[PDB]
Amino acid sequence: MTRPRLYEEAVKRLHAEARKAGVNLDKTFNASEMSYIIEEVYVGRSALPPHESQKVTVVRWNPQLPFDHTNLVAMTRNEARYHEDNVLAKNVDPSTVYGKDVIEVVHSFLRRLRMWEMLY
């Protein structure tokens, strides 16, 4: 939990995404959870190749699935703004925006996130 500016911004981003989507979350996001997602699940880097490590935030991955605590991907703020504009705002499957190689790498992280959820 060494990058508190990122965890604070990620909470604000996810709550802003929920507000825009008209989504009333089962449970709110918090800084400790963002620390866990960014630093532990996504090993302190963007899920998107080439896994840039600076200005990491968290986004809702798939807008066609529930906005829950397993539908979350770490990426740079610049990658997040592209994701919000081209995936979330258009309510499209991420595989229409990202190539098969990128989807496979992200899916490996989402598998980790769902499998770890029990132990969290």
# chains A, B, ... in the order shown; residues from 1 in each chain; ligands from 1
call {"tool": "residues_around", "arguments": {"residues": "segment 54-57 of chain A", "least_positions_apart": "3", "cutoff": "9 Å", "atoms": "only C-alpha atoms", "output": "list in words"}}
result
residues 6, 7, 9, 10, 11, 13, 34, 38, 44, 45, 46, 73, 74, 75, 76, 77, 78 and 80 of chain A
call {"tool": "closest_atom_pairs", "arguments": {"of": "segment 61-82 of chain A", "to": "segment 91-112 of chain A", "cutoff": "8 Å", "atoms": "only C-alpha atoms", "output": "Markdown table"}}
result
| residue | atom | partner | partner_atom | distance |
| --- | --- | --- | --- | --- |
| A:61 | CA | A:94 | CA | 7.3 |
| A:62 | CA | A:94 | CA | 6.2 |
| A:63 | CA | A:91 | CA | 5.4 |
| A:64 | CA | A:91 | CA | 6.5 |
| A:70 | CA | A:110 | CA | 6.8 |
| A:71 | CA | A:110 | CA | 7.4 |
| A:72 | CA | A:110 | CA | 7.5 |
| A:73 | CA | A:110 | CA | 7.5 |
call {"tool": "select_by_dssp", "arguments": {"residues": "segment 52-96 of chain A", "states": "strand (DSSP E or B)", "output": "list in words"}}
result
residues 56, 57, 58, 59, 60, 72, 73, 74, 75 and 76 of chain A
call {"tool": "select_by_dssp", "arguments": {"residues": "chain A", "states": "alpha helix (DSSP H)", "output": "JSON, numbers by chain"}}
result
{"A": [4, 5, 6, 7, 8, 9, 10, 11, 12, 13, 14, 15, 16, 17, 18, 19, 20, 21, 31, 32, 33, 34, 35, 77, 78, 79, 80, 81, 82, 83, 100, 101, 102, 103, 104, 105, 106, 107, 108, 109, 110, 111, 112, 113, 114, 115, 116]}
call {"tool": "decode", "arguments": {"residues": "chain A", "atoms": "C-alpha atoms", "output": "mmCIF file, in the first residue's frame"}}
result
data_model
loop_
_atom_site.group_PDB
_atom_site.id
_atom_site.type_symbol
_atom_site.label_atom_id
_atom_site.label_comp_id
_atom_site.auth_asym_id
_atom_site.auth_seq_id
_atom_site.Cartn_x
_atom_site.Cartn_y
_atom_site.Cartn_z
ATOM 1 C CA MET A 1 0.000 0.000 0.000
ATOM 2 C CA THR A 2 2.843 2.441 -0.998
ATOM 3 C CA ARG A 3 0.948 4.636 -3.589
ATOM 4 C CA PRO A 4 -1.972 6.241 -1.673
ATOM 5 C CA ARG A 5 -2.668 8.910 -4.408
ATOM 6 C CA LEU A 6 -3.541 6.030 -6.842
ATOM 7 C CA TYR A 7 -5.916 4.218 -4.381
ATOM 8 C CA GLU A 8 -7.818 7.502 -3.593
ATOM 9 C CA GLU A 9 -8.149 8.375 -7.350
ATOM 10 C CA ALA A 10 -9.260 4.764 -8.224
ATOM 11 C CA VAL A 11 -12.149 4.930 -5.638
ATOM 12 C CA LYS A 12 -13.245 8.313 -7.154
ATOM 13 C CA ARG A 13 -12.979 6.869 -10.728
ATOM 14 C CA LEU A 14 -15.076 3.701 -9.994
ATOM 15 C CA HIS A 15 -17.764 5.754 -8.104
ATOM 16 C CA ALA A 16 -17.844 8.263 -11.061
ATOM 17 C CA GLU A 17 -18.204 5.282 -13.519
ATOM 18 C CA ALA A 18 -21.108 3.866 -11.370
ATOM 19 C CA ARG A 19 -22.801 7.334 -11.148
ATOM 20 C CA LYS A 20 -22.564 7.761 -14.996
ATOM 21 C CA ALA A 21 -23.908 4.164 -15.584
ATOM 22 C CA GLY A 22 -26.843 4.815 -13.144
ATOM 23 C CA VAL A 23 -25.523 1.893 -10.994
ATOM 24 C CA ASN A 24 -26.279 1.673 -7.208
ATOM 25 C CA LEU A 25 -23.382 -0.586 -5.990
ATOM 26 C CA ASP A 26 -24.086 -3.569 -3.623
ATOM 27 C CA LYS A 27 -20.962 -2.382 -1.672
ATOM 28 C CA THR A 28 -18.942 0.865 -2.243
ATOM 29 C CA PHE A 29 -15.208 0.779 -3.223
ATOM 30 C CA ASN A 30 -12.532 1.807 -0.641
ATOM 31 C CA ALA A 31 -8.767 2.662 -0.684
ATOM 32 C CA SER A 32 -7.643 -0.680 0.936
ATOM 33 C CA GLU A 33 -9.560 -2.630 -1.790
ATOM 34 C CA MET A 34 -7.969 -0.422 -4.532
ATOM 35 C CA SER A 35 -4.514 -1.104 -2.911
ATOM 36 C CA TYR A 36 -5.312 -4.883 -3.136
ATOM 37 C CA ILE A 37 -6.496 -4.681 -6.820
ATOM 38 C CA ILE A 38 -3.652 -2.414 -8.108
ATOM 39 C CA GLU A 39 -0.637 -3.741 -6.079
ATOM 40 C CA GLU A 40 -1.563 -7.442 -5.376
ATOM 41 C CA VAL A 41 -3.956 -8.722 -8.146
ATOM 42 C CA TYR A 42 -2.431 -6.580 -10.996
ATOM 43 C CA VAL A 43 1.123 -6.610 -9.383
ATOM 44 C CA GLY A 44 1.341 -2.759 -9.416
ATOM 45 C CA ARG A 45 1.001 -2.411 -13.242
ATOM 46 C CA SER A 46 -1.629 -1.989 -16.021
ATOM 47 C CA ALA A 47 -3.264 -5.302 -17.131
ATOM 48 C CA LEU A 48 -2.838 -4.020 -20.758
ATOM 49 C CA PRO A 49 0.475 -4.884 -22.505
ATOM 50 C CA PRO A 50 3.088 -3.565 -22.162
ATOM 51 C CA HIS A 51 1.966 -3.263 -18.454
ATOM 52 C CA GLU A 52 3.001 0.386 -17.734
ATOM 53 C CA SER A 53 3.503 0.888 -13.932
ATOM 54 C CA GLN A 54 2.868 4.696 -13.492
ATOM 55 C CA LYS A 55 -0.522 6.452 -12.841
ATOM 56 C CA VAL A 56 -2.340 3.076 -12.356
ATOM 57 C CA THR A 57 -6.136 3.320 -11.737
ATOM 58 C CA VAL A 58 -9.041 0.771 -11.745
ATOM 59 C CA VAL A 59 -11.986 0.634 -14.241
ATOM 60 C CA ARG A 60 -15.139 -1.445 -14.710
ATOM 61 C CA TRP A 61 -13.944 -3.950 -17.384
ATOM 62 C CA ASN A 62 -17.174 -5.249 -19.041
ATOM 63 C CA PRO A 63 -20.196 -2.867 -19.149
ATOM 64 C CA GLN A 64 -22.429 -5.849 -20.247
ATOM 65 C CA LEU A 65 -21.803 -7.560 -16.834
ATOM 66 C CA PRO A 66 -22.727 -6.335 -13.314
ATOM 67 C CA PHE A 67 -20.542 -3.525 -11.848
ATOM 68 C CA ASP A 68 -19.251 -5.756 -8.972
ATOM 69 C CA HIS A 69 -15.854 -6.373 -7.246
ATOM 70 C CA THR A 70 -14.741 -9.044 -9.856
ATOM 71 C CA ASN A 71 -15.442 -6.811 -12.950
ATOM 72 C CA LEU A 72 -12.323 -4.635 -12.273
ATOM 73 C CA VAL A 73 -9.094 -4.112 -14.308
ATOM 74 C CA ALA A 74 -6.013 -2.018 -13.362
ATOM 75 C CA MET A 75 -4.729 0.254 -16.190
ATOM 76 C CA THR A 76 -3.068 3.715 -16.619
ATOM 77 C CA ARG A 77 -5.364 6.785 -16.261
ATOM 78 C CA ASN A 78 -4.843 7.428 -20.035
ATOM 79 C CA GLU A 79 -5.842 3.757 -20.782
ATOM 80 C CA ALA A 80 -8.847 4.232 -18.373
ATOM 81 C CA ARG A 81 -10.093 7.368 -20.249
ATOM 82 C CA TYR A 82 -9.846 5.408 -23.581
ATOM 83 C CA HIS A 83 -11.709 2.453 -21.903
ATOM 84 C CA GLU A 84 -14.459 4.785 -20.480
ATOM 85 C CA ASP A 85 -14.948 6.521 -23.911
ATOM 86 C CA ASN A 86 -14.703 3.434 -26.214
ATOM 87 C CA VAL A 87 -16.011 0.487 -24.053
ATOM 88 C CA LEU A 88 -18.136 1.830 -21.116
ATOM 89 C CA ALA A 89 -19.796 4.851 -22.901
ATOM 90 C CA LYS A 90 -20.668 2.588 -25.928
ATOM 91 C CA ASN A 91 -21.794 -0.397 -23.702
ATOM 92 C CA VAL A 92 -19.808 -2.800 -26.020
ATOM 93 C CA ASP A 93 -17.988 -6.101 -25.239
ATOM 94 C CA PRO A 94 -14.289 -5.268 -24.548
ATOM 95 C CA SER A 95 -13.227 -7.828 -27.278
ATOM 96 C CA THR A 96 -14.568 -5.314 -29.914
ATOM 97 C CA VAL A 97 -11.949 -2.708 -28.693
ATOM 98 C CA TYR A 98 -8.989 -4.968 -27.607
ATOM 99 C CA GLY A 99 -7.281 -7.745 -29.671
ATOM 100 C CA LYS A 100 -7.417 -11.489 -28.772
ATOM 101 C CA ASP A 101 -3.853 -11.394 -27.241
ATOM 102 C CA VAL A 102 -4.855 -8.479 -24.883
ATOM 103 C CA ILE A 103 -8.225 -10.129 -23.908
ATOM 104 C CA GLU A 104 -6.362 -13.409 -22.998
ATOM 105 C CA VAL A 105 -3.872 -11.542 -20.670
ATOM 106 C CA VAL A 106 -6.712 -9.480 -19.016
ATOM 107 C CA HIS A 107 -8.848 -12.700 -18.625
ATOM 108 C CA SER A 108 -5.878 -14.332 -16.737
ATOM 109 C CA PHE A 109 -5.998 -11.396 -14.207
ATOM 110 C CA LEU A 110 -9.862 -11.537 -13.940
ATOM 111 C CA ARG A 111 -9.536 -15.317 -13.250
ATOM 112 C CA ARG A 112 -7.022 -14.434 -10.434
ATOM 113 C CA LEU A 113 -9.419 -11.711 -9.081
ATOM 114 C CA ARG A 114 -12.437 -14.136 -8.993
ATOM 115 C CA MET A 115 -10.356 -17.064 -7.527
ATOM 116 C CA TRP A 116 -8.785 -14.827 -4.779
ATOM 117 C CA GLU A 117 -12.234 -13.282 -3.898
ATOM 118 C CA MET A 118 -12.947 -16.169 -1.410
ATOM 119 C CA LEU A 119 -9.568 -15.617 0.409
ATOM 120 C CA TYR A 120 -10.001 -11.758 0.462
#
